[PDB]
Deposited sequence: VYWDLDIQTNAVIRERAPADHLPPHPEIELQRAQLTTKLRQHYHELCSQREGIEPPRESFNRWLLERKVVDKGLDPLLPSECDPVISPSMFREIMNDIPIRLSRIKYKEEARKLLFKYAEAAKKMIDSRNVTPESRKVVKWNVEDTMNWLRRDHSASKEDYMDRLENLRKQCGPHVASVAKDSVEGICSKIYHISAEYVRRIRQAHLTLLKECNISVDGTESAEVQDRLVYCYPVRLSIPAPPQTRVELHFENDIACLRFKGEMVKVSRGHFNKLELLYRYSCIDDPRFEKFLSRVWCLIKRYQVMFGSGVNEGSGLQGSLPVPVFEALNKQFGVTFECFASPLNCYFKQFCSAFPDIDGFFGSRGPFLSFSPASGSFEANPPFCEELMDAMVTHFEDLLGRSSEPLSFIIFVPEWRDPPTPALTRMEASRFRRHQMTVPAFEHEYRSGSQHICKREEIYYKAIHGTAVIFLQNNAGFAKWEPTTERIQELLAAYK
C-alpha cells in the first residue's frame, strides 16, 4: 500500500479562525501557471545576459521555498513582500556557477576540457568587466599558469585534473566573486520584483472573479485545544467550472478549457478519499474536479513539470505513535493529516497549512523537509519553540541529508539541541516505484520522551523497516 488514511491524528492545536486565502479556481490557477512560466523565462534571460550562464539547476524552485520562509505577501506560490529582497539561496547558487558551471565529470578528457573552460572563462571575465588591478593580476597569473601546463605535455589522472580545477577555482573564486557580486545581486532583486508585479496581477484577477460571483471578501476568541483539522476558508468558494475527466491507461486526464493535467488513477482515488475526509463545503462533489485540476496544476507549476518508504511510516506509527507529516503534499502524504505548502488548495485534501505556521501543543510527528537550507533552519527554530512552549507530549522524528562538508545550520543545531533524545545515520538501498545516508534525529520534550521514548527495541524495529 502507498498510504494509510485510516490513522487518526494525535496532533493537538489551538482552534483556528478560518483562513483568509482567496478560494482557488482553475481560471486563476492557469494565470498563475502562465506567469510563473514567464518568470522562469525572465530568470533564464537575466542569467544569460548578465553572466552568460544557464540558471543553476533547480535554483528557481529552491528560491520559491527560501522566499516563502520570509514572504508576507498575498500569493500562495510566488513571493512579493520579502525582507531581505536579495535571496541568499539564489545568490549562493548563481555565484557557485560563475564564471562557469562545474558539470559532472566521468571521463578524464571531460575533466581536462572543464579545467580549460574554467580558465578561459575566468580570463574572458577579467578582460571584459570592471575588476581591481590586484584581482586582475591574480586571476591572470593563475589562468596563464594553467594554460601553460595544459599546452605542455603533462601527466594527470581525472582526479588530478579535478584537483587542479579545484585549486584553480580556490585561487580565482574570491576574485571572480567580487567581480560578479553586484551583478548577481541584481538578478536576485530583479526576479523578486518581477514576481511581486505578477502577484499583484493575479490578486487583482482573483478579486475581480470573486466580485463577478457576488462573493464578498470583507468578512471571535479561540480558547480551546482540539485535535487538528484541515484548514477551512472563510471566503465562500466560487461556483464549480467545467472540468472534463476521462481515463487513459490508468491515468486520470482532467481538462479545463483545453488545458490538460494528468495524475495517476491511484492518486486520483486517494484524492477522492482525502476530499471526503477533509472538505466540508461540497457534499455532492460538484467542486471536486475543479479543485483537483487546481491542485495538480499548482504542484506542476511549483516544480516545473521522494517519500519515506511505506514500511518506515508503518514503523514510525507503531513504534513511536507518529500520525502526522510536517512536510507533505496531498499527492505524497502517508497520513490524512499533514502540513503542506498550499493550504488555499490543499486544505480541501487534508492540509493543516504550512509547517512554520502550524502550532501543535501535542502529537507525534515525522518531518522530511525539502532540500532547502533556509527552510530547514527555520524548521529547527520552530521545533525548539514548540517543544519549549508545551508540557503535553510532543515528538518530532526528523530525516535530513547527511550534509557534513559543509554542514548545514539545521543539522548542526539539531545535534546541539537540549531536546535531542537519539540520532542515527541510515543508508537506504530500496526505493519504491511509482506507476550518503540520512540523518534521523529524535527531538522530544520530557512528556513526549516519557510517552514515545527511543528505546533499543523501538529503534531496532525502525531500523528493520529502513532498508
| remark: Residues of the deposited chain that carry no C-alpha coordinates are 220 to 223, 310 to 318, 449 to 464
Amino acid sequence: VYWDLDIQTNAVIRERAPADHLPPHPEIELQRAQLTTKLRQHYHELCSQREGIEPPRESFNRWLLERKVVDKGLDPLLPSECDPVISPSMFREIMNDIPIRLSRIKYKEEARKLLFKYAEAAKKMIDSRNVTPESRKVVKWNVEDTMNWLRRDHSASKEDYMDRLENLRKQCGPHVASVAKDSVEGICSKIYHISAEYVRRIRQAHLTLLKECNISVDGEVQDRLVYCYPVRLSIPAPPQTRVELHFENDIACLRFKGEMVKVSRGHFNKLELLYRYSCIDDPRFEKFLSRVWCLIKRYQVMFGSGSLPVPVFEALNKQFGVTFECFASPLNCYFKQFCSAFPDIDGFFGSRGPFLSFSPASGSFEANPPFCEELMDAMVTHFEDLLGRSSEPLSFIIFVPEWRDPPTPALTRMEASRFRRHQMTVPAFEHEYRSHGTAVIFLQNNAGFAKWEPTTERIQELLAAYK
From here on, numbers count along this sequence of modelled residues.
| query | If we scan the other compared entries, does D145 go without coordinates in at least a third? | reply | no
| At least a third of the other compared entries lacking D182? | no
| remark: Of 33 to 41 and 419 to 427, the stretch with the higher mean C-alpha B-factor in the deposited entry is 419 to 427
| said: So, looking at the entry's B-factor column for Cα atoms, which has the higher mean, 256 to 264 or 293 to 301? | reply: 256 to 264
| said: Sorting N332, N96, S189, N148 by Cα temperature factor from the record, which one lands on top? | reply: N148
| field | Candidate residues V184, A156, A378, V231, the one whose C-alpha B factor the record puts highest | value | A156
| note | So, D405's CA B-factor, relative to its chain, sits in which third? The highest
| By its CA B factor, does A367 count among the lowest, middle or highest third of the modelled residues in the chain? | lowest
| request: Place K106 in the lowest, middle or highest third of its chain's C-alpha B-factors, as listed in the PDB entry. | output: highest
| request: Would you check the entry's CA temperature factor for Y433 and let me know if it's in the chain's lowest, middle or highest third? | output: highest
| task | Ordered by C-alpha B-factor within the chain, which third holds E81? Give me lowest, middle or highest, please. | result | middle
